[PDB]
Amino acid sequence: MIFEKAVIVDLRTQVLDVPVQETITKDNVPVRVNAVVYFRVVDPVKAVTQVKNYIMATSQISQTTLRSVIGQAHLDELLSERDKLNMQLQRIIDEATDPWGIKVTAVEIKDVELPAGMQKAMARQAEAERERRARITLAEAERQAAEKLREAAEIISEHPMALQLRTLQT
Amino acid sequence: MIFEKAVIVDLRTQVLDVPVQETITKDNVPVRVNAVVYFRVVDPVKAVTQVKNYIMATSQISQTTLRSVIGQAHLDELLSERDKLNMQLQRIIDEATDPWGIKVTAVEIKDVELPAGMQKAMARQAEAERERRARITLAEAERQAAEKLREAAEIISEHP
Amino acid sequence: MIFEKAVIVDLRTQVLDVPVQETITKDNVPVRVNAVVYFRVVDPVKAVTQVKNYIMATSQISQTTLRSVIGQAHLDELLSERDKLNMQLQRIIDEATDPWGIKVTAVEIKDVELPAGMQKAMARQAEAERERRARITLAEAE
């Protein structure tokens with residue numbers, strides 16, 4: 001005959017790969033990004049009944065969302081707030097998916113790829129601003145310490161006794 | 001030099017795809033079914049020694065066991081009680097296995113292929129039944145909310 | 001547009017395969033061995049910046065260290081006290097790796113090749129010894 005995979009209730013998590021996309025961050029940087037969907041057919045009748053091929057349907061919304069999301073996202077959110085991204089991804093994608101009887105469990109972004117050379121520059125320049133921050137922030141702490149210090153030196157001079165009554169309950 | 005993988009004690013679980021068996025359910029439905037065997041070599045001497053190739057031999061008892069177990073099971077069992085199957089599979093296999101010094105830890109049926117079209121048939125029928133049922137309950141629920149509201153109504157009429 | 005894989009603070013463990021090393025054991029047995037390196041990136045900036053390619057470079061010192069640890073080990077350790085060698089490797093390698101921002105969590109020896117037929121011999125003879133200590137314990141009891 002002709003055989004076909006049975007759509008039965010899932011016991012262990014099924015895993016689907018979302019194909020690479022090219023799209024631009026909000027931010028303005030072109031990127032290629034792919035990711036992984038973890039799901040479990042919870043109601044096979046809906047999965048068979050409500051979409052033609054739920055595997056491909058899920059594959060679709062997955063791309064649409066991953067595209068969309070990156071659209072409204074700063075380069076930095078892809079490189080640095082995965083946890084929040086994937087969570088954002090699970091949320092939208094699980095929801096979309098329930099008409100079809102699929103529970104989406106997690107959706108973690110797999111690899112992110114950027115224009116070549118870019119991350120070297122981005123590495124160098126962040127190394128540079130990490131320092132330039134250390135400078136200013138410190139130079140600041142000090143300018144202020146200097147102020148409060150000069151301020152206590154005035155009070156101590158004008159009020160010789162001010163350090164006494166405080167020393168007198170030790 | 002010519003070398004060979006050595007049969008060591010397994011620190012982690014090895015995995016082994018069981019080749020598809022196609023066969024008839026008790027039920028009488030034609031079926032393509034395959035499984036993953038999880039295992040660990042536990043006595044490497046036994047394993048190198050009692051069986052020419054232990055990976056091969058595990059593949060075949062697994063194959064044969066699965067074929068038998070499927071022939072015993074009713075279609076619905078494969079679809080809805082996979083877990084029970086899965087478990088006897090592990091029992092029967094791990095045993096068969098023991099002479100060769102292997103621990104089979106789990107054995108999990110992977111994909112069951114039905115003859116095509118059969119499943120759409122069942123789903124659509126399934127959907128139609130829930131669709132019927134829901135029409136009834138809706139009316140029974142409406143009707144009764146009506147009456148509880150009707151008897152809500154006397155109480156406030158005859159007694160303000 | 002030609003792209004590259006962004007280094008990021010890994011959330012879930014990465015997995016490197018150490019290519020095969022053919023070498024002799026301390027025992028003098030010739031042997032093909034290999035290993036998996038489990039690791040997370042912890043400081044991208046370290047990793048992009050300190051070293052031309054963090055992968056090639058972890059793979060290299062992973063080879064070198066695998067090579068050495070073997071030469072220092074007795075065949076039977078290789079097959080029988082893998083754990084010890086495993087940890088050994090973890091320690092050396094994680095270390096090497098910090099200049100680059102990488103936490104190496106485990107290194108595990110995967111497949112081990114001996115010359116064709118040698119285990120088939122070690123196996124026969126080691127079973128002989130069990131047919132020995134099993135009868136020197138059934139004429140001693142009764």
# chains A, B, ... in the order shown; residues from 1 in each chain; ligands from 1
>>> interface_residues(of="chain C", to="chain B", cutoff="6 Å", atoms="only C-alpha atoms", output="number ranges by chain")
C: 79, 112-116, 123
>>> write_last_selection(atoms="N, CA and C atoms", output="PDB file, in the first residue's frame")
ATOM      1  N   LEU C  79      40.513   1.774  29.134  1.00  0.00           N
ATOM      2  CA  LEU C  79      39.262   1.025  28.937  1.00  0.00           C
ATOM      3  C   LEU C  79      38.465   0.856  30.232  1.00  0.00           C
ATOM      4  N   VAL C 112      37.191   4.069  21.423  1.00  0.00           N
ATOM      5  CA  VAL C 112      38.597   3.601  21.513  1.00  0.00           C
ATOM      6  C   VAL C 112      38.998   2.405  20.641  1.00  0.00           C
ATOM      7  N   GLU C 113      39.888   2.638  19.689  1.00  0.00           N
ATOM      8  CA  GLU C 113      40.372   1.594  18.798  1.00  0.00           C
ATOM      9  C   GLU C 113      41.718   0.952  19.238  1.00  0.00           C
ATOM     10  N   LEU C 114      41.769  -0.385  19.334  1.00  0.00           N
ATOM     11  CA  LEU C 114      43.008  -1.142  19.494  1.00  0.00           C
ATOM     12  C   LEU C 114      43.274  -1.877  18.180  1.00  0.00           C
ATOM     13  N   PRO C 115      44.523  -2.380  17.961  1.00  0.00           N
ATOM     14  CA  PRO C 115      44.813  -3.117  16.726  1.00  0.00           C
ATOM     15  C   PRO C 115      43.899  -4.305  16.522  1.00  0.00           C
ATOM     16  N   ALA C 116      43.494  -4.520  15.271  1.00  0.00           N
ATOM     17  CA  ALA C 116      42.542  -5.598  14.929  1.00  0.00           C
ATOM     18  C   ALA C 116      42.863  -6.978  15.531  1.00  0.00           C
ATOM     19  N   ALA C 123      39.913 -10.533  25.323  1.00  0.00           N
ATOM     20  CA  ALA C 123      38.661 -11.124  25.708  1.00  0.00           C
ATOM     21  C   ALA C 123      38.717 -12.656  25.959  1.00  0.00           C
TER      22      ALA C 123
END
>>> interface_residues(of="chain C", to="chain A", cutoff="9 Å", atoms="only C-alpha atoms", output="MDAnalysis selection string")
chainID C and resid 1:9 11 44:46 48:49
>>> closest_atom_pairs(of="chain B", to="chain A", cutoff="6 Å", atoms="only C-alpha atoms", output="CSV")
residue,atom,partner,partner_atom,distance
B:79,CA,A:8,CA,5.7
B:112,CA,A:6,CA,5.6
B:113,CA,A:5,CA,4.3
B:114,CA,A:3,CA,5.6
B:115,CA,A:3,CA,4.4
B:116,CA,A:3,CA,5.0
B:123,CA,A:45,CA,5.2
>>> residues_around(residues="stretch 73-76 of chain B", least_positions_apart="4", cutoff="6 Å", atoms="only C-alpha atoms", output="list in words")
residues 25, 26, 27 and 80 of chain B
>>> select_by_dssp(residues="chain B", states="strand (DSSP E)", output="PDB file with C-alpha atoms, in the first residue's frame")
ATOM      1  CA  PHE B   3      42.010  -1.078  14.087  1.00  0.00           C
ATOM      2  CA  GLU B   4      38.617  -1.854  15.696  1.00  0.00           C
ATOM      3  CA  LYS B   5      36.304  -0.056  18.141  1.00  0.00           C
ATOM      4  CA  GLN B  14      24.366   4.195  23.866  1.00  0.00           C
ATOM      5  CA  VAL B  15      21.326   4.606  21.369  1.00  0.00           C
ATOM      6  CA  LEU B  16      20.330   2.060  18.611  1.00  0.00           C
ATOM      7  CA  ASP B  17      17.774   2.608  15.774  1.00  0.00           C
ATOM      8  CA  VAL B  18      15.670  -0.525  15.287  1.00  0.00           C
ATOM      9  CA  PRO B  19      15.068  -1.110  11.459  1.00  0.00           C
ATOM     10  CA  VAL B  20      11.448  -0.724  10.401  1.00  0.00           C
ATOM     11  CA  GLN B  21       9.222  -3.809  10.670  1.00  0.00           C
ATOM     12  CA  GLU B  22       6.106  -3.854   8.500  1.00  0.00           C
ATOM     13  CA  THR B  23       3.468  -6.299   9.684  1.00  0.00           C
ATOM     14  CA  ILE B  24      -0.198  -6.933  10.616  1.00  0.00           C
ATOM     15  CA  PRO B  30      -1.087  -3.382   8.009  1.00  0.00           C
ATOM     16  CA  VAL B  31       1.620  -1.423   9.822  1.00  0.00           C
ATOM     17  CA  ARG B  32       5.147  -0.020   9.486  1.00  0.00           C
ATOM     18  CA  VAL B  33       6.712   0.376  12.935  1.00  0.00           C
ATOM     19  CA  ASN B  34      10.114   1.271  14.278  1.00  0.00           C
ATOM     20  CA  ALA B  35      11.744   1.941  17.645  1.00  0.00           C
ATOM     21  CA  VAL B  36      14.762   3.207  19.539  1.00  0.00           C
ATOM     22  CA  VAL B  37      16.592   0.824  21.927  1.00  0.00           C
ATOM     23  CA  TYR B  38      18.539   2.449  24.787  1.00  0.00           C
ATOM     24  CA  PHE B  39      21.358   0.401  26.262  1.00  0.00           C
ATOM     25  CA  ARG B  40      24.726   0.116  28.004  1.00  0.00           C
ATOM     26  CA  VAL B  41      27.395  -2.616  27.735  1.00  0.00           C
ATOM     27  CA  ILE B 102      23.972  -5.778  27.898  1.00  0.00           C
ATOM     28  CA  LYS B 103      21.584  -3.629  29.910  1.00  0.00           C
ATOM     29  CA  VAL B 104      18.716  -2.409  27.758  1.00  0.00           C
ATOM     30  CA  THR B 105      17.338   0.516  29.717  1.00  0.00           C
ATOM     31  CA  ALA B 106      14.318   1.613  27.670  1.00  0.00           C
ATOM     32  CA  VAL B 107      12.866   0.730  24.218  1.00  0.00           C
ATOM     33  CA  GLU B 108      10.560   3.294  22.707  1.00  0.00           C
ATOM     34  CA  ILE B 109       8.406   2.843  19.660  1.00  0.00           C
ATOM     35  CA  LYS B 110       9.157   5.774  17.355  1.00  0.00           C
ATOM     36  CA  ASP B 111       6.811   6.191  14.268  1.00  0.00           C
ATOM     37  CA  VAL B 112       3.837   4.084  13.417  1.00  0.00           C
ATOM     38  CA  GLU B 113       2.808   4.349   9.781  1.00  0.00           C
ATOM     39  CA  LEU B 114      -0.797   3.557   8.988  1.00  0.00           C
ATOM     40  CA  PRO B 115      -2.018   2.753   5.474  1.00  0.00           C
TER      41      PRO B 115
END
>>> closest_residue(among="A:62, A:137, A:164, A:72", to="residue A:107", atoms="only C-alpha atoms")
A:62
>>> atom_distance(atom1="atom CA of residue C:36", atom2="atom CA of residue A:19")
26.7 Å
>>> atom_distance(atom1="atom CA of residue C:34", atom2="atom CA of residue C:66")
7.7 Å
>>> select_by_dssp(residues="chain B", states="alpha helix (DSSP H)", output="PyMOL selection string")
chain B and resi 44-49+54-72+75-80+82-96+118-158
>>> residues_around(residues="stretch 18-27 of chain C", least_positions_apart="3", cutoff="7 Å", atoms="only C-alpha atoms", output="PDB file with N, CA, C and O atoms, in the first residue's frame")
ATOM      1  N   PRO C  30      49.381   0.291  20.548  1.00  0.00           N
ATOM      2  CA  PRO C  30      48.998   1.372  19.637  1.00  0.00           C
ATOM      3  C   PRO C  30      47.457   1.553  19.575  1.00  0.00           C
ATOM      4  O   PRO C  30      46.669   0.610  19.667  1.00  0.00           O
ATOM      5  N   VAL C  31      47.025   2.783  19.422  1.00  0.00           N
ATOM      6  CA  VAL C  31      45.677   3.096  19.776  1.00  0.00           C
ATOM      7  C   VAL C  31      45.137   4.325  19.063  1.00  0.00           C
ATOM      8  O   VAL C  31      45.874   5.287  18.832  1.00  0.00           O
ATOM      9  N   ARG C  32      43.861   4.274  18.678  1.00  0.00           N
ATOM     10  CA  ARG C  32      43.193   5.444  18.090  1.00  0.00           C
ATOM     11  C   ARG C  32      42.162   5.877  19.077  1.00  0.00           C
ATOM     12  O   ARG C  32      41.346   5.072  19.502  1.00  0.00           O
ATOM     13  N   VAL C  33      42.234   7.126  19.516  1.00  0.00           N
ATOM     14  CA  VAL C  33      41.266   7.584  20.499  1.00  0.00           C
ATOM     15  C   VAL C  33      40.607   8.913  20.177  1.00  0.00           C
ATOM     16  O   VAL C  33      41.187   9.729  19.441  1.00  0.00           O
ATOM     17  N   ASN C  34      39.392   9.126  20.693  1.00  0.00           N
ATOM     18  CA  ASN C  34      38.795  10.485  20.626  1.00  0.00           C
ATOM     19  C   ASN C  34      37.815  10.906  21.693  1.00  0.00           C
ATOM     20  O   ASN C  34      37.418  10.114  22.555  1.00  0.00           O
ATOM     21  N   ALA C  35      37.407  12.162  21.634  1.00  0.00           N
ATOM     22  CA  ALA C  35      36.809  12.696  22.812  1.00  0.00           C
ATOM     23  C   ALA C  35      35.840  13.772  22.485  1.00  0.00           C
ATOM     24  O   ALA C  35      36.047  14.528  21.500  1.00  0.00           O
ATOM     25  N   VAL C  36      34.798  13.866  23.318  1.00  0.00           N
ATOM     26  CA  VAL C  36      33.976  15.070  23.283  1.00  0.00           C
ATOM     27  C   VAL C  36      34.286  16.093  24.398  1.00  0.00           C
ATOM     28  O   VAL C  36      34.439  15.732  25.568  1.00  0.00           O
ATOM     29  N   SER C  59      39.882  23.112  19.934  1.00  0.00           N
ATOM     30  CA  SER C  59      40.084  21.854  19.282  1.00  0.00           C
ATOM     31  C   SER C  59      41.580  21.490  19.312  1.00  0.00           C
ATOM     32  O   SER C  59      41.911  20.418  19.825  1.00  0.00           O
ATOM     33  N   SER C  62      42.866  20.640  22.687  1.00  0.00           N
ATOM     34  CA  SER C  62      42.113  19.439  23.093  1.00  0.00           C
ATOM     35  C   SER C  62      42.761  18.176  22.526  1.00  0.00           C
ATOM     36  O   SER C  62      42.911  17.125  23.225  1.00  0.00           O
ATOM     37  N   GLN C  63      43.193  18.297  21.271  1.00  0.00           N
ATOM     38  CA  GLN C  63      44.010  17.271  20.674  1.00  0.00           C
ATOM     39  C   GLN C  63      45.266  17.039  21.513  1.00  0.00           C
ATOM     40  O   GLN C  63      45.310  16.054  22.239  1.00  0.00           O
ATOM     41  N   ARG C  67      46.338  13.721  23.469  1.00  0.00           N
ATOM     42  CA  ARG C  67      47.452  12.950  23.001  1.00  0.00           C
ATOM     43  C   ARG C  67      48.261  12.587  24.226  1.00  0.00           C
ATOM     44  O   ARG C  67      48.544  11.398  24.475  1.00  0.00           O
ATOM     45  N   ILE C  70      46.976  10.233  27.051  1.00  0.00           N
ATOM     46  CA  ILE C  70      46.979   8.842  26.603  1.00  0.00           C
ATOM     47  C   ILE C  70      48.356   8.216  26.799  1.00  0.00           C
ATOM     48  O   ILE C  70      48.503   7.264  27.580  1.00  0.00           O
ATOM     49  N   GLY C  71      49.357   8.776  26.115  1.00  0.00           N
ATOM     50  CA  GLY C  71      50.760   8.382  26.293  1.00  0.00           C
ATOM     51  C   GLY C  71      51.131   8.105  27.741  1.00  0.00           C
ATOM     52  O   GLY C  71      51.970   7.262  28.017  1.00  0.00           O
ATOM     53  N   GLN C  72      50.483   8.804  28.666  1.00  0.00           N
ATOM     54  CA  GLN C  72      50.749   8.666  30.096  1.00  0.00           C
ATOM     55  C   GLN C  72      49.918   7.580  30.772  1.00  0.00           C
ATOM     56  O   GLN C  72      50.054   7.381  31.988  1.00  0.00           O
ATOM     57  N   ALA C  73      49.067   6.890  29.992  1.00  0.00           N
ATOM     58  CA  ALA C  73      48.045   5.973  30.544  1.00  0.00           C
ATOM     59  C   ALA C  73      48.232   4.588  30.048  1.00  0.00           C
ATOM     60  O   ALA C  73      48.794   4.370  28.980  1.00  0.00           O
ATOM     61  N   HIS C  74      47.768   3.651  30.857  1.00  0.00           N
ATOM     62  CA  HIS C  74      47.986   2.254  30.612  1.00  0.00           C
ATOM     63  C   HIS C  74      46.725   1.843  29.908  1.00  0.00           C
ATOM     64  O   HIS C  74      45.627   2.127  30.399  1.00  0.00           O
ATOM     65  N   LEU C  75      46.860   1.182  28.761  1.00  0.00           N
ATOM     66  CA  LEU C  75      45.689   0.551  28.135  1.00  0.00           C
ATOM     67  C   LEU C  75      44.554   0.264  29.093  1.00  0.00           C
ATOM     68  O   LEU C  75      43.469   0.750  28.895  1.00  0.00           O
TER      69      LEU C  75
END
>>> residues_around(residues="residue A:13", least_positions_apart="2", cutoff="12 Å", atoms="only C-alpha atoms", output="list in words")
residues 9, 10, 11, 15, 16, 37, 38, 39, 40, 41, 42, 102, 103, 104, 105 and 106 of chain A; 110 of chain B
>>> atom_distance(atom1="atom CA of residue A:110", atom2="atom CA of residue A:34")
5.5 Å
